[PDB]
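Working notes, structure below.
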Amino acid sequence: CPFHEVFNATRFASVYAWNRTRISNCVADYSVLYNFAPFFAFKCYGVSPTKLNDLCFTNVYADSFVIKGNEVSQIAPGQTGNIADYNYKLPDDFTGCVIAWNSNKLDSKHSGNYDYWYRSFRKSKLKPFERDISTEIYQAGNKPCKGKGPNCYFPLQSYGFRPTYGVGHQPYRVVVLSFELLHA
Amino acid sequence: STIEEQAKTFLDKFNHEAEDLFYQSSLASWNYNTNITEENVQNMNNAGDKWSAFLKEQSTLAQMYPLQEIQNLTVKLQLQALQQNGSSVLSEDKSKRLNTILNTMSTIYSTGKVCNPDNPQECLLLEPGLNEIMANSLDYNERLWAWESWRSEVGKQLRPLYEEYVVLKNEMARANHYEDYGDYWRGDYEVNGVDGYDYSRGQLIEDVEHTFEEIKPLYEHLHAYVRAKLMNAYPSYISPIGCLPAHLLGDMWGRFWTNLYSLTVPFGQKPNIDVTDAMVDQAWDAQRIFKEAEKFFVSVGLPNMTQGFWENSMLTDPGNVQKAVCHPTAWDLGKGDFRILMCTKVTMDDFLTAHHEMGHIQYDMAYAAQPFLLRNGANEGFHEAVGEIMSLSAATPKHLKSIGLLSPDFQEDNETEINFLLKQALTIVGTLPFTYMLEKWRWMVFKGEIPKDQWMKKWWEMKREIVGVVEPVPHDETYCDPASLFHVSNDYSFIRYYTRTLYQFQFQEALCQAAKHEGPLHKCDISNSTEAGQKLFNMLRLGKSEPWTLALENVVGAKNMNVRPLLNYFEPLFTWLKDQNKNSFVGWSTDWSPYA
Ligand SMILES: *[C@@H]1O[C@H](CO)[C@@H](O[C@@H]2O[C@H](CO)[C@@H](O[C@@H]3O[C@H](CO)[C@@H](O)[C@H](O)[C@@H]3O)[C@H](O)[C@H]2NC(C)=O)[C@H](O)[C@H]1NC(C)=O
Ligand SMILES: *[C@@H]1O[C@H](CO)[C@@H](O[C@@H]2O[C@H](CO)[C@@H](O[C@@H]3O[C@H](CO)[C@@H](O)[C@H](O)[C@@H]3O)[C@H](O)[C@H]2NC(C)=O)[C@H](O)[C@H]1NC(C)=O
Ligand SMILES: *[C@@H]1O[C@H](CO)[C@@H](O[C@@H]2O[C@H](CO)[C@@H](O)[C@H](O)[C@H]2NC(C)=O)[C@H](O)[C@H]1NC(C)=O
Ligand SMILES: *[C@@H]1O[C@H](CO)[C@@H](O[C@@H]2O[C@H](CO)[C@@H](O)[C@H](O)[C@H]2NC(C)=O)[C@H](O)[C@H]1NC(C)=O
Ligand SMILES: *[C@@H]1O[C@H](CO)[C@@H](O[C@@H]2O[C@H](CO)[C@@H](O)[C@H](O)[C@H]2NC(C)=O)[C@H](O)[C@H]1NC(C)=O
Ligand SMILES: *[C@@H]1O[C@H](CO)[C@@H](O)[C@H](O)[C@H]1NC(C)=O
Ligand SMILES: *[C@@H]1O[C@H](CO)[C@@H](O)[C@H](O)[C@H]1NC(C)=O
Ligand SMILES: *[C@@H]1O[C@H](CO)[C@@H](O)[C@H](O)[C@H]1NC(C)=O
Ligand SMILES: [Zn+2]
């Protein structure tokens, strides 16, 4: 089953322009990831991970995230925050497994890997499994909005990955395998 | 479309920009401090220019929101910090003159040297030089010669510049809608807002006066003992009942009295505690010292050190290959980067400095969750105090005896305790009057109560009334004595030290009492106590998010400065001083002057 292209890729995407990779037509036997990648985090909120080999899946989607350290705990059902409210929202009956791992050796530069952006501002809320790519200038007042400068802001802000940051600022790659058993 | 939301969004943008900018500035400063190179200086200058320009630009955008419409008590402090005109109140020529005079004063103080008379080829700088003469010489005439000289060439050449410095500083202070520049410094302790926890700017002066009015008898007894002891070294140069001349105190200005330990030791037969030999016999390096400090800190429930801390921080001087400035420092670069910079050799003093700096690092690590503008101490005194409480706790004989660095049969007697108390006293208690006097003089000058032609007439009387020191030679209006100090030539406050000294003993007493200690305070160890660790942590992790009164109440239990622990820590020393000087003269009089 195709996971080498996903879980051993070249490059991933920013949080606001997340992929929805489609995986289909195979038998879920992910023991290879246990040896290839020593997963520090592994949370399955549905059925037991050991019993996951009992049933196969058809319409599972996966996502490509590069987020901070003290941010992965926000990727959980019923949580709140900037990322949960503005980039990626999970359902209450979320049936899948979240997997993350450190990626310092391939996602950092001395000057800075300024290639990952994240949404910070919005005059609205999000809905589960929504993707937005809007780059329109954001209004903060009553006055008409014309470019950046005064209160109008560009609703995209970048990260600052450097090799000598602490654990809470180094990137963890999160691939949310939300395989719903009833729809698969 | 309300205003508080717009202010909040501006704060959100500022927090994200400032983090990266400040990280770059700190990293450049660290790299420059480790090495020495001209292009590194250029890079540091460029980074500082970028940081300053970013701060100045971001200040302008914050002026749109008036402060009076805010009901949050949390964003208010951030906006108040950001909304302050840094140096934009003045005109361009005013700023040019101010920067010119400040740099001129700094350079003049930096490059001061003195030449011995009739020897044009023999000149000495201030440091090294006059410091060695003051600190390790028993001669008499040379000390007087240097004391007269340095002041004579420095004060007369720096007074006129200081006049314009004072004038411009007062002009700026009045421009920023304050009373005077002394009010500008007093404003750091100001907390206004929440009911029950108000602290006006004018209350600090009265608090300082009332608190100092209590330790004066102990200082009197200690000063009488010192004067009695000095009769053996200067038989024919000390007045029997007068004040101690300032030229025989072991320092250029008289800040500390530490250099008198070997001359006023109570029982000199038994030497003090020094654990060097056991340190050498086990082949100790910096790694063992730092891991022992880590073990001590984790013993009370505090977290450990970060994994990167053991890797990115240098512990010993590399040698001749590189060239750094050896001065202990704990660096808070942000974003989970904490490092310690110190040139280490196996000695007890460095073993204590390690604890001091690691406590500093733990305090930095405590408040990492607060916003950027709130990541500092409650005021300008908590930081070194939290540093020093650990040092006081870790150097007691009981702690050294327990950890296996001393003989398991080591009999502690009641004979070394007097020596230890006197050694601590000569460096802690003997400095408070000096700080109090200097701050009083500076505030009186800024307010203006002392006319320009009557400065010395009050300056030398304050010395006699507070520190008990009398000038050895007559002086005229040409001299400018106070400007010779490091913190006077440079723009720096001085009231931090009094607050630190008062706070540290209060913290120590609270932790010892909550730690189930038996006996006098001087034999206390804060080890093995989660009770004293949780209490401290409830203050460590607040940061600047709460008024300092509430932060103090979570540890001490009282919301005001207290002086009882400072007198409690010296109960047996006070008893011995009372016993010893029953047959001597008490107090000092302004009657004897060496020149008359
Ligand atoms: C002053 O303004 C700040 C900023 O708006 C207020 O901070 C907010 O305080 C509330 C709690 O009173 C926080 O709520 C909680 O947030 C967590 C997620 O972080 C959520 O899981 C909880 O269910 C709850 O909603 C809120 O996050 C926090 N906001 C920020 C941006 O820090 C503060 O409360 C205001 N102070 C007063 C006295 O009203
Ligand atoms: C913070 O410091 C403490 C104290 O140094 C660290 O404690 C460490 O805990 C582990 C787990 O108990 C110790 O390892 C071994 O545990 C087994 C039992 O599972 C025991 O049989 C072994 O004899 C051994 O104790 C470890 O030695 C101990 N100390 C050290 C030096 O690591 C803790 O891990 C540190 N953690 C953090 C967050 O920094
Ligand atoms: C993930 O993909 C990389 C890139 O193809 C693999 O890297 C190669 O690993 C082999 C191991 O023997 C080396 O001989 C090659 O030189 C590596 N790359 C190159 C340049 O071809 C990596 O092994 C893959 N691993 C996983 C987890 O599937
Ligand atoms: C320094 O801060 C004061 C705040 O009082 C600024 O004062 C303003 O002065 C201008 C010109 O007199 C008035 O239009 C504004 O309404 C004042 N603002 C307030 C809030 O009183 C002053 O401009 C600042 N100086 C600078 C930034 O150079
Ligand atoms: C204070 O801390 C020391 C830290 O070592 C404690 O020492 C240990 O105490 C237990 C008590 O049963 C002994 O078995 C260990 O051998 C001790 N370790 C040593 C001496 O290194 C000490 O007990 C603590 N204080 C009190 C009163 O409990
Ligand atoms: C994500 O989608 C983009 C679409 O252009 C594609 O280029 C990229 O390779 C995809 N990668 C992943 C991680 O699925
Ligand atoms: C400091 O200088 C030495 C030699 O000049 C060099 O090897 C080292 O890399 C420098 N330090 C840094 C952080 O670049
Ligand atoms: C120790 O205690 C004894 C008790 O009689 C006392 O005489 C002595 O002076 C004390 N101090 C010293 C320094 O021995
Ligand atoms: Zn310190």
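Following the order of the structure tokens, first chain is A, next is B, and so on, with residues numbered from 1 inside each chain and ligands from 1 in the order they appear.
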* Please run DSSP on the backbone and report, as a VMD selection string, all residues within segment 88-179 of chain A that come out as strand (DSSP E or B). => chain A and resid 97 to 102 117 to 118 138 153 157 to 158 172 to 177
* To do: Determine which residues of chain B sit within 12 Å of chain A, taking into account only C-alpha atoms, and present them as an MDAnalysis selection string.
  => chainID B and resid 1:21 23:24 27 57:58 60:62 64:65 305:309 311:313 332:339 365 368:369
* Neighbourhood of ligand 3 at 9 Å, counting only C-alpha atoms and all ligand atoms, reported as an MDAnalysis selection string -> chainID A and resid 3:5 7:10 32:33 35:37
* To do: Write as a PyMOL selection string the residues around ligand 7, taking 9 Å as the cut-off and counting only C-alpha atoms and all ligand atoms.
  => chain B and resi 30-32+34-37+321-323
Per residue of chain B within 12 Å of ligand 8, note the shortest atom pair and the distance in Å to one decimal, counting only C-alpha atoms and all ligand atoms, and order the rows by chain and increasing residue number, as a tab-separated table.
residue	atom	partner	partner_atom_place_in_ligand_line	distance
B:265	CA	ligand 8	13 (C)	11.8
B:266	CA	ligand 8	13 (C)	8.6
B:267	CA	ligand 8	13 (C)	7.4
B:268	CA	ligand 8	13 (C)	10.9
B:269	CA	ligand 8	13 (C)	11.0
B:270	CA	ligand 8	13 (C)	10.3
B:412	CA	ligand 8	14 (O)	11.3
B:413	CA	ligand 8	14 (O)	7.5
B:414	CA	ligand 8	1 (C)	5.0
B:415	CA	ligand 8	13 (C)	3.7
B:416	CA	ligand 8	13 (C)	7.0
B:417	CA	ligand 8	13 (C)	7.6
B:418	CA	ligand 8	13 (C)	6.6
B:419	CA	ligand 8	13 (C)	8.7
B:420	CA	ligand 8	13 (C)	11.3
B:421	CA	ligand 8	13 (C)	11.7
B:572	CA	ligand 8	11 (N)	9.8
B:573	CA	ligand 8	11 (N)	10.8
B:575	CA	ligand 8	9 (O)	11.0
B:576	CA	ligand 8	9 (O)	8.9
B:579	CA	ligand 8	9 (O)	10.5
B:580	CA	ligand 8	9 (O)	11.2
Same residues, C-alpha atoms, saved as a PDB file, in the first residue's frame:
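File written: again-v7.pdb
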ATOM      1  CA  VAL B 265      38.743  38.628  62.545  1.00  0.00           C
ATOM      2  CA  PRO B 266      37.348  37.686  65.996  1.00  0.00           C
ATOM      3  CA  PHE B 267      39.227  34.407  66.527  1.00  0.00           C
ATOM      4  CA  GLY B 268      42.008  34.227  63.950  1.00  0.00           C
ATOM      5  CA  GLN B 269      43.507  31.011  65.313  1.00  0.00           C
ATOM      6  CA  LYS B 270      41.091  28.715  63.468  1.00  0.00           C
ATOM      7  CA  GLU B 412      30.877  21.599  63.568  1.00  0.00           C
ATOM      8  CA  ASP B 413      31.664  23.868  66.523  1.00  0.00           C
ATOM      9  CA  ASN B 414      30.263  27.186  67.716  1.00  0.00           C
ATOM     10  CA  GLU B 415      33.610  28.920  67.078  1.00  0.00           C
ATOM     11  CA  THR B 416      33.546  29.247  63.280  1.00  0.00           C
ATOM     12  CA  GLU B 417      29.985  30.617  63.284  1.00  0.00           C
ATOM     13  CA  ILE B 418      31.062  34.038  64.573  1.00  0.00           C
ATOM     14  CA  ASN B 419      33.679  34.233  61.813  1.00  0.00           C
ATOM     15  CA  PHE B 420      31.135  33.264  59.148  1.00  0.00           C
ATOM     16  CA  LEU B 421      28.627  35.818  60.433  1.00  0.00           C
ATOM     17  CA  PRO B 572      24.217  35.861  67.656  1.00  0.00           C
ATOM     18  CA  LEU B 573      26.441  38.450  65.976  1.00  0.00           C
ATOM     19  CA  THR B 575      24.673  39.394  70.998  1.00  0.00           C
ATOM     20  CA  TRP B 576      28.454  39.121  70.664  1.00  0.00           C
ATOM     21  CA  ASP B 579      28.902  41.713  74.956  1.00  0.00           C
ATOM     22  CA  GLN B 580      32.227  42.855  73.501  1.00  0.00           C
TER      23      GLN B 580
END
From a backbone DSSP assignment, name each residue in chain A labelled helix (DSSP H, G or I), as a PDB file with N, CA and C atoms, in the first residue's frame.
ATOM      1  N   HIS A   4       5.205   5.153   1.042  1.00  0.00           N
ATOM      2  CA  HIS A   4       6.563   5.670   0.906  1.00  0.00           C
ATOM      3  C   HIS A   4       6.559   7.087   0.352  1.00  0.00           C
ATOM      4  N   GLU A   5       5.674   7.364  -0.606  1.00  0.00           N
ATOM      5  CA  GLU A   5       5.580   8.703  -1.169  1.00  0.00           C
ATOM      6  C   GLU A   5       5.034   9.712  -0.169  1.00  0.00           C
ATOM      7  N   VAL A   6       4.310   9.251   0.851  1.00  0.00           N
ATOM      8  CA  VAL A   6       3.720  10.156   1.830  1.00  0.00           C
ATOM      9  C   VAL A   6       4.614  10.379   3.043  1.00  0.00           C
ATOM     10  N   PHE A   7       5.112   9.267   3.559  1.00  0.00           N
ATOM     11  CA  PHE A   7       5.738   9.224   4.893  1.00  0.00           C
ATOM     12  C   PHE A   7       7.248   9.134   4.697  1.00  0.00           C
ATOM     13  N   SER A  31       3.207  -1.548   9.873  1.00  0.00           N
ATOM     14  CA  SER A  31       4.315  -1.933  10.741  1.00  0.00           C
ATOM     15  C   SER A  31       5.646  -1.422  10.207  1.00  0.00           C
ATOM     16  N   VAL A  32       5.717  -1.130   8.907  1.00  0.00           N
ATOM     17  CA  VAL A  32       6.946  -0.599   8.325  1.00  0.00           C
ATOM     18  C   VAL A  32       7.285   0.753   8.938  1.00  0.00           C
ATOM     19  N   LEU A  33       6.264   1.561   9.230  1.00  0.00           N
ATOM     20  CA  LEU A  33       6.499   2.856   9.854  1.00  0.00           C
ATOM     21  C   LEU A  33       7.038   2.721  11.270  1.00  0.00           C
ATOM     22  N   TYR A  34       6.717   1.626  11.963  1.00  0.00           N
ATOM     23  CA  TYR A  34       7.244   1.423  13.308  1.00  0.00           C
ATOM     24  C   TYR A  34       8.763   1.333  13.301  1.00  0.00           C
ATOM     25  N   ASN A  35       9.328   0.644  12.311  1.00  0.00           N
ATOM     26  CA  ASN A  35      10.775   0.489  12.231  1.00  0.00           C
ATOM     27  C   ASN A  35      11.445   1.653  11.510  1.00  0.00           C
ATOM     28  N   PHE A  36      10.849   2.132  10.414  1.00  0.00           N
ATOM     29  CA  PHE A  36      11.458   3.228   9.669  1.00  0.00           C
ATOM     30  C   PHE A  36      11.446   4.524  10.469  1.00  0.00           C
ATOM     31  N   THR A  50      -4.044  -1.978  17.302  1.00  0.00           N
ATOM     32  CA  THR A  50      -3.787  -3.380  17.005  1.00  0.00           C
ATOM     33  C   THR A  50      -4.902  -4.000  16.180  1.00  0.00           C
ATOM     34  N   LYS A  51      -6.149  -3.602  16.424  1.00  0.00           N
ATOM     35  CA  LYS A  51      -7.278  -4.115  15.666  1.00  0.00           C
ATOM     36  C   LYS A  51      -7.443  -3.426  14.320  1.00  0.00           C
ATOM     37  N   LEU A  52      -6.628  -2.408  14.027  1.00  0.00           N
ATOM     38  CA  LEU A  52      -6.726  -1.717  12.747  1.00  0.00           C
ATOM     39  C   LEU A  52      -6.381  -2.620  11.574  1.00  0.00           C
ATOM     40  N   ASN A  53      -5.611  -3.682  11.805  1.00  0.00           N
ATOM     41  CA  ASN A  53      -5.308  -4.628  10.740  1.00  0.00           C
ATOM     42  C   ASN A  53      -6.495  -5.517  10.396  1.00  0.00           C
ATOM     43  N   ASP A  54      -7.553  -5.491  11.208  1.00  0.00           N
ATOM     44  CA  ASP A  54      -8.692  -6.371  10.976  1.00  0.00           C
ATOM     45  C   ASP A  54      -9.535  -5.922   9.788  1.00  0.00           C
ATOM     46  N   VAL A  72       1.155  20.795  18.680  1.00  0.00           N
ATOM     47  CA  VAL A  72       0.586  19.513  18.288  1.00  0.00           C
ATOM     48  C   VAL A  72      -0.554  19.114  19.213  1.00  0.00           C
ATOM     49  N   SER A  73      -0.458  19.460  20.499  1.00  0.00           N
ATOM     50  CA  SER A  73      -1.537  19.138  21.429  1.00  0.00           C
ATOM     51  C   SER A  73      -2.826  19.858  21.063  1.00  0.00           C
ATOM     52  N   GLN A  74      -2.730  20.966  20.324  1.00  0.00           N
ATOM     53  CA  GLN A  74      -3.920  21.652  19.844  1.00  0.00           C
ATOM     54  C   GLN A  74      -4.646  20.864  18.762  1.00  0.00           C
ATOM     55  N   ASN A  82      -5.399  29.251  18.079  1.00  0.00           N
ATOM     56  CA  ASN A  82      -5.245  29.884  16.776  1.00  0.00           C
ATOM     57  C   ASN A  82      -5.343  28.859  15.655  1.00  0.00           C
ATOM     58  N   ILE A  83      -4.594  27.765  15.772  1.00  0.00           N
ATOM     59  CA  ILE A  83      -4.537  26.778  14.700  1.00  0.00           C
ATOM     60  C   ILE A  83      -5.857  26.030  14.584  1.00  0.00           C
ATOM     61  N   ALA A  84      -6.454  25.663  15.717  1.00  0.00           N
ATOM     62  CA  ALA A  84      -7.717  24.936  15.676  1.00  0.00           C
ATOM     63  C   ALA A  84      -8.841  25.794  15.113  1.00  0.00           C
ATOM     64  N   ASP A  85      -8.806  27.101  15.363  1.00  0.00           N
ATOM     65  CA  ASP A  85      -9.894  27.975  14.949  1.00  0.00           C
ATOM     66  C   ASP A  85      -9.710  28.561  13.558  1.00  0.00           C
ATOM     67  N   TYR A  86      -8.480  28.636  13.049  1.00  0.00           N
ATOM     68  CA  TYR A  86      -8.242  29.346  11.801  1.00  0.00           C
ATOM     69  C   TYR A  86      -7.641  28.509  10.682  1.00  0.00           C
ATOM     70  N   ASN A 104      14.115  18.321  12.415  1.00  0.00           N
ATOM     71  CA  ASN A 104      15.120  19.382  12.415  1.00  0.00           C
ATOM     72  C   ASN A 104      16.111  19.220  11.270  1.00  0.00           C
ATOM     73  N   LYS A 105      16.528  17.985  10.992  1.00  0.00           N
ATOM     74  CA  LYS A 105      17.650  17.756  10.089  1.00  0.00           C
ATOM     75  C   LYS A 105      17.325  18.080   8.638  1.00  0.00           C
ATOM     76  N   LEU A 106      16.054  18.300   8.307  1.00  0.00           N
ATOM     77  CA  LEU A 106      15.677  18.540   6.923  1.00  0.00           C
ATOM     78  C   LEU A 106      14.708  19.699   6.734  1.00  0.00           C
TER      79      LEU A 106
END
* Asked: Can you tell me which residues sit at most 8 Å away from ligand 5, counting only C-alpha atoms and all ligand atoms, written as an MDAnalysis selection string?
  -> chainID B and resid 299 402:404 527:528
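Around ligand 6, using only C-alpha atoms and all ligand atoms and a cut-off of 8 Å, the residues in contact are residues 6, 9, 11, 12, 13, 18, 19, 20, 21, 62, 63 and 64 of chain A.
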Take the selection from the previous step and output its residues with N, CA, C and O atoms, as a CSV table (one decimal), in the first residue's frame.
chain,number,residue,atom,x,y,z
A,6,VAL,N,4.3,9.3,0.9
A,6,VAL,CA,3.7,10.2,1.8
A,6,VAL,C,4.6,10.4,3.0
A,6,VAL,O,4.7,11.5,3.5
A,9,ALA,N,8.7,11.6,2.1
A,9,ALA,CA,8.5,12.4,0.8
A,9,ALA,C,9.8,13.3,0.6
A,9,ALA,O,10.8,13.0,1.3
A,11,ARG,N,9.2,17.1,0.1
A,11,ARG,CA,8.8,18.4,0.7
A,11,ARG,C,7.3,18.3,1.1
A,11,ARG,O,6.5,17.6,0.5
A,12,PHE,N,7.0,19.0,2.2
A,12,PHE,CA,5.6,19.1,2.7
A,12,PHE,C,5.1,20.5,2.5
A,12,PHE,O,5.8,21.4,2.0
A,13,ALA,N,3.8,20.7,2.8
A,13,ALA,CA,3.2,22.0,2.6
A,13,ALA,C,2.9,22.7,3.9
A,13,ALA,O,3.0,22.2,5.0
A,18,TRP,N,-2.8,23.0,3.1
A,18,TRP,CA,-2.6,21.6,3.4
A,18,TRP,C,-3.0,20.7,2.2
A,18,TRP,O,-4.0,21.1,1.5
A,19,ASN,N,-2.3,19.6,2.1
A,19,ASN,CA,-2.8,18.6,1.1
A,19,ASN,C,-4.0,17.8,1.7
A,19,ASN,O,-4.2,17.9,2.9
A,20,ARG,N,-4.7,17.1,0.8
A,20,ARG,CA,-5.7,16.1,1.2
A,20,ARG,C,-5.4,14.8,0.4
A,20,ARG,O,-6.3,14.4,-0.4
A,21,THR,N,-4.2,14.2,0.6
A,21,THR,CA,-3.8,13.1,-0.1
A,21,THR,C,-4.8,12.0,0.0
A,21,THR,O,-5.3,11.6,1.1
A,62,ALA,N,-5.2,12.0,3.9
A,62,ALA,CA,-4.1,12.3,4.8
A,62,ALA,C,-3.7,13.8,4.5
A,62,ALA,O,-3.9,14.3,3.4
A,63,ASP,N,-3.0,14.4,5.5
A,63,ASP,CA,-2.7,15.8,5.4
A,63,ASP,C,-1.2,16.0,5.7
A,63,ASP,O,-0.6,15.2,6.3
A,64,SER,N,-0.7,17.1,5.1
A,64,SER,CA,0.7,17.4,5.2
A,64,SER,C,0.9,18.7,6.1
A,64,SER,O,0.5,19.8,5.6
* **All residues having an atom within 8 Å of ligand 1 (only C-alpha atoms and all ligand atoms) as a ChimeraX atom specification** => /A:79-81 /B:8,71-75
Around ligand 4, which protein and nucleic acid residues have at least one atom no more than 10 Å from it, if we count only C-alpha atoms and all ligand atoms? List them as an mmCIF file with N, CA and C atoms, in the first residue's frame.
data_model
loop_
_atom_site.group_PDB
_atom_site.id
_atom_site.type_symbol
_atom_site.label_atom_id
_atom_site.label_comp_id
_atom_site.auth_asym_id
_atom_site.auth_seq_id
_atom_site.Cartn_x
_atom_site.Cartn_y
_atom_site.Cartn_z
ATOM 1 N N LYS B 56 11.198 51.484 17.045
ATOM 2 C CA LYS B 56 10.744 52.860 16.871
ATOM 3 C C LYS B 56 9.548 52.929 15.933
ATOM 4 N N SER B 59 6.395 51.553 17.574
ATOM 5 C CA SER B 59 5.851 52.440 18.597
ATOM 6 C C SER B 59 4.838 53.415 18.005
ATOM 7 N N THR B 60 5.104 53.908 16.792
ATOM 8 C CA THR B 60 4.249 54.933 16.196
ATOM 9 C C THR B 60 2.830 54.423 15.967
ATOM 10 N N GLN B 63 -0.051 54.533 18.890
ATOM 11 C CA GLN B 63 -0.573 55.747 19.499
ATOM 12 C C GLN B 63 -2.027 56.025 19.143
ATOM 13 N N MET B 64 -2.639 55.211 18.279
ATOM 14 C CA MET B 64 -4.003 55.480 17.840
ATOM 15 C C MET B 64 -5.036 55.186 18.920
ATOM 16 N N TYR B 65 -4.738 54.286 19.854
ATOM 17 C CA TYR B 65 -5.714 53.881 20.857
ATOM 18 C C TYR B 65 -5.454 54.618 22.160
ATOM 19 N N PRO B 66 -6.350 55.498 22.606
ATOM 20 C CA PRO B 66 -6.198 56.082 23.944
ATOM 21 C C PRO B 66 -6.318 55.015 25.020
ATOM 22 N N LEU B 67 -5.584 55.215 26.114
ATOM 23 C CA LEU B 67 -5.499 54.211 27.167
ATOM 24 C C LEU B 67 -6.747 54.149 28.037
ATOM 25 N N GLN B 83 3.332 52.470 24.495
ATOM 26 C CA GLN B 83 2.907 53.825 24.163
ATOM 27 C C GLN B 83 3.851 54.905 24.677
ATOM 28 N N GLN B 84 4.964 54.545 25.305
ATOM 29 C CA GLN B 84 5.841 55.528 25.933
ATOM 30 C C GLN B 84 6.788 56.106 24.887
ATOM 31 N N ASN B 85 6.793 57.434 24.745
ATOM 32 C CA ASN B 85 7.774 58.082 23.881
ATOM 33 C C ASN B 85 9.172 57.821 24.422
ATOM 34 N N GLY B 86 9.990 57.116 23.648
ATOM 35 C CA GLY B 86 11.341 56.820 24.083
ATOM 36 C C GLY B 86 12.207 58.058 24.170
ATOM 37 N N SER B 87 12.525 58.648 23.015
ATOM 38 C CA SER B 87 13.299 59.881 22.977
ATOM 39 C C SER B 87 12.737 60.867 21.960
ATOM 40 N N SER B 88 11.495 60.677 21.526
ATOM 41 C CA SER B 88 10.885 61.512 20.505
ATOM 42 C C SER B 88 10.315 62.811 21.056
ATOM 43 N N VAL B 89 10.241 62.959 22.381
ATOM 44 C CA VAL B 89 9.718 64.195 22.958
ATOM 45 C C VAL B 89 10.655 65.358 22.664
ATOM 46 N N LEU B 90 11.958 65.100 22.653
ATOM 47 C CA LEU B 90 12.943 66.152 22.472
ATOM 48 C C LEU B 90 13.046 66.552 21.001
ATOM 49 N N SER B 91 13.663 67.708 20.769
ATOM 50 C CA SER B 91 13.970 68.135 19.416
ATOM 51 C C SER B 91 15.226 67.426 18.913
ATOM 52 N N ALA B 175 8.980 67.199 29.904
ATOM 53 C CA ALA B 175 8.290 66.997 28.636
ATOM 54 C C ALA B 175 7.415 65.752 28.644
ATOM 55 N N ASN B 176 7.844 64.684 29.319
ATOM 56 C CA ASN B 176 7.075 63.445 29.373
ATOM 57 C C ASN B 176 6.002 63.461 30.459
ATOM 58 N N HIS B 177 5.584 64.646 30.905
ATOM 59 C CA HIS B 177 4.498 64.797 31.877
ATOM 60 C C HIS B 177 4.800 64.080 33.191
#
* Structure fact -> In terms of only C-alpha atoms and all ligand atoms, the residue from B:298, B:208, B:77, B:108 at minimal distance from ligand 2 is B:298
* Give the residues close to ligand 9, within 8 Å, counting only C-alpha atoms and all ligand atoms; write them as a PyMOL selection string. => chain B and resi 356-357+360+383-385+387-388
* To do: List the neighbours of segment 540-543 of chain B out to 7 Å using only C-alpha atoms; skip same-chain residues closer than 6 positions along the sequence, and give me the result as a VMD selection string.
  => chain B and resid 363 366 to 367 374 to 378
* Structure fact -> Computed gap from atom CA of residue 469 of chain B to atom CA of residue 116 of chain B is 26.9 Å
* To do: Write out as an MDAnalysis selection string each polymer residue whose atoms come within 9 Å of segment 100-104 of chain B, counting only C-alpha atoms; drop sequence neighbours fewer than 2 positions from it.
  => chainID B and resid 95:98 106:109 161:162 164:165 489:491
